[PDB]
Structure formats: C-alpha cells, structure tokens
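**Q** just dropping in an experimental structure and the matching sequence.
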Amino acid sequence: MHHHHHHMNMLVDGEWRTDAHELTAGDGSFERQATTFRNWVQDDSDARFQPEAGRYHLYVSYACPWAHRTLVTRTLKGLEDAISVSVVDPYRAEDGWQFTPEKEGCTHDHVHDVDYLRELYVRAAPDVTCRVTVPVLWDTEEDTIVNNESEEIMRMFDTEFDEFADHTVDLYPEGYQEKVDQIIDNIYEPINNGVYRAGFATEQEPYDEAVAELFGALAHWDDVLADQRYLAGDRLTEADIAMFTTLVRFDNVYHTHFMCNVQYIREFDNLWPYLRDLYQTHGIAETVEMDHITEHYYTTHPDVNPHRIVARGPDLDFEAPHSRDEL
Amino acid sequence: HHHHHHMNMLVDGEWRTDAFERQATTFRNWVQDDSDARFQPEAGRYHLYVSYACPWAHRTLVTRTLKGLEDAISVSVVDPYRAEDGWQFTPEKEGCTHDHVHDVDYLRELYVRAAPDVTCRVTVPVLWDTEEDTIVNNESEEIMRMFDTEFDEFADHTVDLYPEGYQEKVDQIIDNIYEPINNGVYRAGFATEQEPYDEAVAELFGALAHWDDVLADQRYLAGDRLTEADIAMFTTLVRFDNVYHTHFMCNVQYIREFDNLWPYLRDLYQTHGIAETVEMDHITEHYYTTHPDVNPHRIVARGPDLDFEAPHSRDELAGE
C-alpha cells in the first residue's frame, strides 16, 4: 500500500503528472499529501451505499496482491454474479493502469469504457490528488468510487453482502474476529509491505531492516502454523487471504526481483504446505494469474529491472498433496 | 565471454568507455618445465593478479593453494569495486593489496605496459613475468594447468589435480561445463532479450541436474580423485546461491536444494586451504555494486544463511 515503484506516477489536483518534485522529498511524502476513498457498503437501511445485487463494480489487476485480496474473497463468498469485475492491463507505463481488452486475461472498462484507470478517478473526484491504484470498488448508481482499500473492500465483501452470496462462508467468524483483526494488522508491515520496502529500497540500511524483519516475521508464523491449520487456527479467515496474496508471489517475484532471497517460501516446513492448502481451496486457483504477475513485476519496473526480462522462476507444484487436513 | 553492459575496453592502447571479444587480443604464452622454453618455472619470478570476486581468477587461487605455490608465486588482489577505469588497486580496503610490481593505480596500466597498443578487455587473472616485464598468460584454464603441472619442482604439497588415467575425462568435462554452467550464468545475467535468457537458464539447469545425477554415485567430477574440473565447477557453485541465483536471475532452484550438488560443494569447501580462498564479501560487493544496468541502486542482497562448514558424508565415497 505504502511503497511504490521508482517510476510510479500521480494525479495532482486532477492533473496527470510523471513526477511532482515538491511532494516527493523524504520517505513517502506524496502519500501524506494524498486523498483516498474510504466509503463503506453497509447493510443498513439508513446507510448511503446499501448492498444491492447488480450495482457495485470492481476494478482489479491479476498481478496486484492487494487487488487479489478482493478477488479471493469475491470467489470464496460467491459474489461474482452480484459484483461485476474488470481486469486492467498487467503492463503499465506513463499513463498508469490501462485497459487492453484484446490482451489475454484483460477486459474493457465495463462502466465508462475508459482507456486508463486515471480517467475513472477524475470522473469520481475532478480535483483529486492521489495514486491511481487497484483495487477500486465502483458504484454505478452514484457513479463514483466507493472504496479504494483492499483491507476494507475484502471486509465489506465478507460481512455485508450476505443476501447475495452463493456460499455460506464466514471469513470473519464469531469468536475469531479479534484475533483475525490482530493478525492482519501484524503481518501488514513486515510481510505485506515489507517485500516492497525491500524491493524499492534505495539505501542499504533500509533494505537490511526490511529483509531482517520480513524473514523474521515469516519464521514466526511458520512455527505458529505447525500446530494449527490456519493463521487464526481452526478456521479460514481474512487473515489467511492477506498472507496468501503475498506468499503466492514470493518465490516467483519477491525472492528474485525484489531481492528477498534469504529463503524460498517452499523451503519452510509449514508455510509451503499452508500455501498449497490455500491454493487448492476450491475457487482460489482460478484467481491466480501467474502470467499477469510475472509480466507486471519484471517489465513494469525499469529502475529495478532495466532490461525488463521476465525471470523463469522455480517449477512450483502448487497442486502437490498436503496433510494439513489433519489439523 | 559475457561481460557487463558498462564493461570498458582498451583500444589501440587507448582507454575508452564505448566502441568486442572477436576484435580483441589475448595473452596465451605458457610456463613450460623444459630447457628451451621462453618462460621456465622459477621460485620467485611470476606474479598473479586476481580478484576474490571473479570466479575465473578464483580458479588460479584454488590451484595455487592446493599445490603449495604460495611461496613460489606471489599474488595481488585488486579492488572488488570497479568503475570508469576498470579493475583498480585500493590497498586500504580489507582483503585488497597493492601492485607489488610497479605500484600501479589501475590494472589497465599493466596491460598497456606489457603491450603498448593492445586492443583488449582489462580482466583477471593475469600471470606476470617479473623478468621480461610482461604478461605471460591471460586465460583461467591455461594458468590453472600451468600451476598444476609445470611447477612440480617448487611445490609444497604432492597433489595432482590432473593425474594420468583421468586426464582425458578432466579436459572434456572442463569444456562441457564451460558454456552451459561456467559462462552460462553470465549469458543469462547480462541478457537483454527474453529468448537468450530462456535458453541460458534452460541449458544451465539442465547441466546442473546432470552432474547432480552423476555425483550421486561418484565423489568427484572425474570420478575417483579431486581434479581441475572440480575447480572450474566450484568457483561457480560457491557464487550461485548468493549471487547468480538472484542477481543474474538464475532462480529455478538453489544449489543447496540439490541432493548431491550441495554436499559436494561442502566437500570442496572444507578441503584444506580452499576455505581461505573464498572471500564472500568481495563476491557479494562486486556483483551488486558494479553492475548499474543489472542492479541500478547498487543494493547488496542478503542471501541465504549457507553453512559450508556443515558435516557431510561423501567421504563414504572413495576419494581424497
């Protein structure tokens, strides 16, 4: 959420720029100058955005682990019929996230048929100063951006659309919520944001800390997952979805491209069968587009990988059997 | 050979940033233990120029230590950090020495001195004759066999890294792993197009899986005894999991993830003397800092926690 690639652009007072130097001195200063979108869809008769069956639209990239969080939840809940989705081009440049429908896995902007994602922001907030990112939950009635945060879109997908979900799945169950909210908050900095902090690191000391904290955090949850099947233990929750979207991209991208190369995830005793256990959860596998993932990270970051060569990566057997059902 | 995108060159004696191997001159003279030869083996005549980072130069160091020619043949260590002026001498720096021959600032000076208008790339290793005041040899394999066979009169240990009855296999292994393994990682690393990288990675890991199969039932590459072929493989393997895997994006599988290649590497490392010839800090610093078009912000990766010193069981297989 907080770390962005060296050539990432911006919208300033409703204007697309390649860089705004007056807002880019010091660690992530632009984001403290940025506006985000934090409205909620609430199952409440008084609420502004009430959950309907054919109203809200979702914008994602298959490569983004933050957007991927919304996709995994949408599939688990069975909200595809209820909530439509557009897939942006995994490759992006001077114009940010773009729509390339002819490209495999990508579609067109189902709402306004825009060329770029930045057009959608401008329509929703003509004077906005922010980053054009995914995911974006869009309301077709008010014609604007409802929410812009992976964590909260996942949550409201989980707890607010029960009337239209096809599956009786509860990824935020009673008695687990406090711990689920705890795990999500913990793994957020050393693991979710940690890999990008290490990858876009410009000095040695920040990289060292980002790597040390990361694999330290991974080792902790590896010991925790030795005696309990999931992060919150007995049940599959949002906490697992947050962890999964990072882990699934670690050995093909983060390890090499972002130089987080202390250890493979597949070398961990418990995290690797855990990742296989999640990947094989019915429906999740179809939300994983590795071709989108590898193409984005290896060819969209010029200052990290100049010649834009897509690395091959390990031959990962995600479909390899586990034994964590014995927990 | 595949060199990095910022690799400069010596052209007609001049030092230039911008312009090729097939347009370049090399040094291919030999030291021969024969009465007529131009360069004959002596006990305090030849000087070795190496970098602890470079695997090619690493071959000459390993062999030198094995035979016991540390007192016969002197050595200088250039600065792991290279730039606008090529390999340089920085005596203050840990592990580095000064030019013991002419107190030269940049290795390129020695090349020009030995050959006034040479067109070549300033590389290591460099075998230097302090009598004719010129470069003797310039290739890793030739200097290695030179150190191994011709200097028997000035050795300290009676080791034979090129023994009779095994020689024919030794030489063939050496040029069978040259392109896919030894030079392959650089082909993949400095690749600018997707297709060559795909090939380079494919042939490299195809080759690694092969010798991992072979070394499962035999202790060393040529079989029964330690060998120059093992020296060529070692200087690459010991730089894989820390550099080649990540920096050069050869990330299909760790060397430590192999059944046989990993204890085999631990077997070579722990052999007497080979432990001291490894300077991982020189290795990690050079590749992550001297390749601006491979690693722009020049951040040194942490790498895995490799325990080369961990006990193995390949002594169970018959060998030294």
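**A** Ah, there it is. Residues are numbered from 1 along each chain as shown, chains lettered A, B, ... in the order given.

**Q** now do the contacts for the nearest residue to residue A:10 once chain neighbours are set aside.
**A** Leaving aside its chain neighbours, residue A:10 sits nearest to residue A:17 (5.4 Å; criterion: C-beta to C-beta, 6 or more residues apart in numbering or on different chains). Any C-beta I mention is one placed from the backbone N, CA and C, and that applies to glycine too. The contact partners of residue A:17, taken as C-beta atoms under 8 Å, 6 or more residues apart in numbering or on different chains, are A:9-11.

**Q** what about residue A:17, distance to residue A:28?
**A** Relative to residue A:28, residue A:17 is positioned 17 Å away (C-beta to C-beta, to the nearest Å).

**Q** repeat that for residue A:185.
**A** From residue A:185 over to residue A:28 (counting by C-beta to C-beta), the distance is 19 Å.

**Q** residue A:277 too?
**A** 35 Å.

**Q** which of these two has more neighbours?
**A** residue A:277 (20 against 13; other C-beta atoms under 10 Å in any protein chain shown).

**Q** got the buried residues for stretch A:55-67?
**A** For stretch A:55-67, burial by neighbour count (16 or more other C-beta atoms under 10 Å in any protein chain shown) applies to A:55-67.

**Q** show me how far it is from its chain's centre.
**A** 8 Å (C-alpha atoms, centre = their mean, to the nearest Å).

**Q** so which bits of chain A are right by chain B?
**A** A:201-204, A:207-208, A:211-212, A:255-256, A:259, A:261-264, A:267, A:303-304, A:306-307, A:309-315 (C-beta under 8 Å from any C-beta of the partner chain).

**Q** just the strands from the stretch 51-200 of chain A, written as ranges.
**A** For the stretch 51-200 of chain A, applying DSSP state E, counting those that start in this stretch gives strands covering A:56-60, A:84-87, A:136-139, A:144-147.

**Q** now do the contacts for whichever residue of the stretch 1-150 of chain A sits closest to chain B.
**A** When scored by C-beta to the nearest C-beta, the stretch 1-150 of chain A has residue A:6 as its residue closest to chain B, at 8.3 Å. Contacts for residue A:6 (C-beta under 8 Å, 6+ apart) come out as A:200, A:301-304.

**Q** ditto for residue A:136
**A** Contacts for residue A:136 (C-beta under 8 Å, 6+ apart) come out as A:37, A:58-59, A:117, A:120, A:145, A:147-148.

**Q** now the helices: where do they sit in the stretch 151-300 of chain A?
**A** A:177-187, A:194-199, A:204-224, A:238-247, A:271-279, A:290-299 (DSSP state H, counting those that start in this stretch).

**Q** so what's the spatially most central residue of chain A closest to, chain neighbours aside?
**A** Nearest to the mean C-alpha position of chain A, by C-alpha atoms, centre = their mean, lies residue A:66 at 1.0 Å. In space, and not counting its chain neighbours, residue A:66 is closest to residue A:150: 3.9 Å by C-beta to C-beta, 6+ apart.

**Q** now do the contacts for the one you found.
**A** A:1, A:66-67, A:69-70, A:135.

**Q** can you check residue A:244 too?
**A** Per C-beta under 8 Å, 6+ apart, neighbours of residue A:244: A:72, A:275, A:278-279, A:284.

**Q** how about residue A:257?
**A** A:199, A:297-298, A:301, A:304-305, A:311.

**Q** mind doing that once more with 10 Å?
**A** A:195, A:199, A:249, A:294, A:297-298, A:301, A:304-305, A:310-311, A:313, B:246, B:249, B:251 (C-beta atoms under 10 Å, 6 or more residues apart in numbering or on different chains).

**Q** what do you get for residue A:5?
**A** Going by C-beta under 10 Å, 6+ apart, the list of residues near residue A:5 reads A:92, A:196, A:199-200, A:296-297, A:300-304.

**Q** apply 6 Å and report the result again.
**A** Applying C-beta atoms under 6 Å, 6 or more residues apart in numbering or on different chains to residue A:5 gives the contacts residue A:301.

**Q** element containing it, please.
**A** For residue A:5, there is no helix or strand it lies in under DSSP states H and E.

**Q** what's the closest residue to residue A:18 other than its chain neighbours sitting at in phi/psi?
**A** Computed as C-beta to C-beta, 6+ apart, the closest residue to residue A:18 that is not its neighbour in sequence is residue A:9, at 5.6 Å. With angles defined as degrees, to the nearest 10, residue A:9 sits at phi -100, psi -170.

**Q** backbone dihedrals for residue A:43, both of them.
**A** Dihedral pair for residue A:43: phi -70, psi 80, per degrees, to the nearest 10.

**Q** please report how far the residue nearest to it when sequence neighbours are not counted lies from chain B.
**A** Residue nearest to residue A:43 in three dimensions, not counting chain neighbours: residue A:160, with 4.8 Å by C-beta to C-beta, 6+ apart. Between residue A:160 and chain B the computed distance is 41 Å (C-beta to the nearest C-beta, to the nearest Å).

**Q** ok, residue A:160 touching residue A:41?
**A** Yes - counting by C-beta atoms under 6 Å, residue A:160 does reach residue A:41; the two are 5.3 Å apart.

**Q** what touches both of these two?
**A** residue A:51.

**Q** neighbour count winner among the two?
**A** For residue A:160 versus residue A:41, neighbours defined as other C-beta under 10 Å are more numerous around residue A:41 (26 against 19).

**Q** which residues touch that one?
**A** Here residue A:41 is in contact with A:49, A:51, A:156, A:160 (C-beta under 6 Å, 6+ apart).

**Q** how about a cut-off of 8 Å?
**A** When contacts are taken as C-beta under 8 Å, 6+ apart, residue A:41 is in contact with A:47, A:49-51, A:56, A:137, A:146-147, A:156, A:160-161.

**Q** buried among those? Need that as a selection in PyMOL.
**A** Typed into PyMOL, the line below selects the buried ones among the contacts of residue A:41, using 16+ other C-beta under 10 Å:
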select buried, chain A and resi 49+51+56+137+146+147+156+160+161
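
**Q** so who does residue A:67 touch?
**A** A:59-61, A:134-135, A:150 are the contacts of residue A:67 under C-beta under 8 Å, 6+ apart.

**Q** at 10 Å instead, please
**A** Here residue A:67 is in contact with A:58-61, A:85, A:87-88, A:97, A:133-136, A:150, A:153, A:245 (C-beta under 10 Å, 6+ apart).

**Q** do residue A:275 as well
**A** A:243-244, A:247-248, A:250-251, A:265-266, A:268, A:316, A:318, A:322.

**Q** pull out the buried members of these.
**A** A:243-244, A:247-248, A:250-251, A:265-266, A:268, A:316, A:322.

**Q** okay, and residue A:313 sits in which element?
**A** Short version, using DSSP H and E: residue A:313 is in no helix or strand.

**Q** these two touch, right, it and residue A:265?
**A** No - counting by C-beta atoms under 10 Å, residue A:313 does not reach residue A:265; the two are 12.0 Å apart.

**Q** now the common contact residues for those two.
**A** A:251-252, A:255.

**Q** wait, isn't residue A:259 in contact with residue A:201?
**A** Yes - counting by C-beta under 10 Å, residue A:259 does reach residue A:201; the two are 8.4 Å apart.

**Q** of these two, who's got more company?
**A** Neighbour count, other C-beta under 10 Å: between residue A:259 and residue A:201, residue A:259 has more, with 25 against 21.

**Q** can you tell me which residues contact the more buried one?
**A** Counting by C-beta under 10 Å, 6+ apart, residue A:259 has contacts A:195, A:198-199, A:201, A:207, A:210-211, A:304, B:246-247, B:288, B:295, B:299-303.

**Q** switch the cut-off to 7 Å
**A** Contact analysis of residue A:259 by C-beta atoms under 7 Å, 6 or more residues apart in numbering or on different chains lists A:198-199, B:246, B:299, B:301.

**Q** swap in residue A:255?
**A** With C-beta under 7 Å, 6+ apart, residue A:255 has these contacts: A:261, A:264, B:251.

**Q** and the residue nearest to residue A:18, how many residues sit next to it?
**A** Quick note: residue A:9 (other C-beta under 10 Å) scores 19 neighbours.
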